[PDB]
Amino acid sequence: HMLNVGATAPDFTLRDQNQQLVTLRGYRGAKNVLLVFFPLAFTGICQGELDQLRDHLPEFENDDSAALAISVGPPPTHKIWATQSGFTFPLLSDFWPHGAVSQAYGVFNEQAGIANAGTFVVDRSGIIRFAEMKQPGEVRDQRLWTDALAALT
């Protein structure tokens, strides 16, 4: 089960698609952070969700907000996928330990070994202010993410 609103966002340091280290706490005091967990690269549903994030990127990656996509895939996988899909935002690798970050946020699927489609908004204080789990047969509403971020400014 997902970490609830008001809980302290577990810290993490993960490799992005270009092998750079990205730390959640690096955004404390500066930007609200949108964490988009997704199951697998090269799958239709994740493609659609990240394509929509790509299309509305300025509403998520700006002076007040940062957007980080997270999955169990390693950087080379995310690099190729990001290049083909045109993703310029960071795709982080919760690869080894496998899904450690996903488990900390309570969005890890132990049966399949992938992250569930959970989204969080972490405020400037490192506190989770928004938490949304994707429901069966549907895509997450991203207007809801922009509004949640806009509300924290």
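From 1 onward, residues are counted along the sequence shown.
Across the two stretches, 52-60 and 65-73, the PDB entry reports the greater mean Cα temperature factor for 52-60. Mean CA B-factor, 24-32 versus 116-124: the higher value falls on 24-32. In the PDB entry, a CA B factor belonging to the middle third of its chain's modelled residues is recorded for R15. For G44, the recorded CA B-factor ranks within the highest third of the chain. Only modelled residues enter the ranking. In this PDB entry, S93 carries a Cα temperature factor that places it within the lowest third of its chain's modelled residues.
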